[PDB]
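Asker: The following block contains the structure, expressed as structure tokens.
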Protein chains: 2
Amino acid sequence: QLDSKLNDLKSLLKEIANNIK
Amino acid sequence: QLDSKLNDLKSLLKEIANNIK
């Protein structure tokens with residue numbers, strides 16, 4: 001479950017990367 | 001405890017993302 005939270009963080013950071021890019 | 005440190009890193013990266021965004 002903690003790792004799934006980390007993967008959600010990964011999705012969020014990818015989303016912000018796409019936004020800024 | 002290491003995972004909590006990783007989650008603190010997650011909070012920091014989210015904060016910088018909000019700052020730049």
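Labels used: A, B, ... for chains in the order of the structure tokens, numbers from 1 for residues in each chain, and numbers from 1 for ligands as shown.
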Show me, as CSV, the residues of chain B having an atom within 9 Å of chain A, each with the closest atom pair and its distance in Å, using only C-alpha atoms.

Answerer:
residue,atom,partner,partner_atom,distance
B:3,CA,A:2,CA,7.9
B:6,CA,A:6,CA,8.4
B:7,CA,A:6,CA,7.6
B:10,CA,A:9,CA,6.7
B:13,CA,A:13,CA,7.8
B:14,CA,A:13,CA,7.4
B:17,CA,A:16,CA,6.7
B:18,CA,A:16,CA,8.7
B:20,CA,A:20,CA,8.3
B:21,CA,A:20,CA,6.9

Asker: Mind writing the picked residues with N, CA and C atoms as a tab-separated table (two decimals), in the first residue's frame?

Answerer:
chain	number	residue	atom	x	y	z
B	3	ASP	N	10.86	4.81	4.43
B	3	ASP	CA	9.72	5.13	3.57
B	3	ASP	C	9.10	6.47	3.96
B	6	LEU	N	11.13	8.96	2.37
B	6	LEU	CA	10.76	9.04	0.95
B	6	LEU	C	9.48	9.83	0.76
B	7	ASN	N	8.52	9.67	1.67
B	7	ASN	CA	7.28	10.44	1.59
B	7	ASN	C	7.53	11.92	1.85
B	10	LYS	N	8.61	13.16	-1.26
B	10	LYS	CA	7.44	13.33	-2.11
B	10	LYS	C	6.76	14.66	-1.84
B	13	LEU	N	8.92	17.44	-3.34
B	13	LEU	CA	8.85	17.54	-4.80
B	13	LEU	C	7.49	18.10	-5.23
B	14	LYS	N	6.42	17.74	-4.51
B	14	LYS	CA	5.12	18.34	-4.80
B	14	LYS	C	5.15	19.84	-4.53
B	17	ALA	N	6.96	21.56	-7.26
B	17	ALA	CA	6.12	21.53	-8.44
B	17	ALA	C	5.07	22.64	-8.39
B	18	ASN	N	4.43	22.80	-7.23
B	18	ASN	CA	3.46	23.89	-7.08
B	18	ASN	C	4.14	25.24	-7.22
B	20	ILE	N	6.90	26.07	-9.03
B	20	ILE	CA	7.22	26.36	-10.42
B	20	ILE	C	5.94	26.50	-11.24
B	21	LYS	N	4.94	25.68	-10.96
B	21	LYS	CA	3.68	25.73	-11.69
B	21	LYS	C	2.97	27.07	-11.47
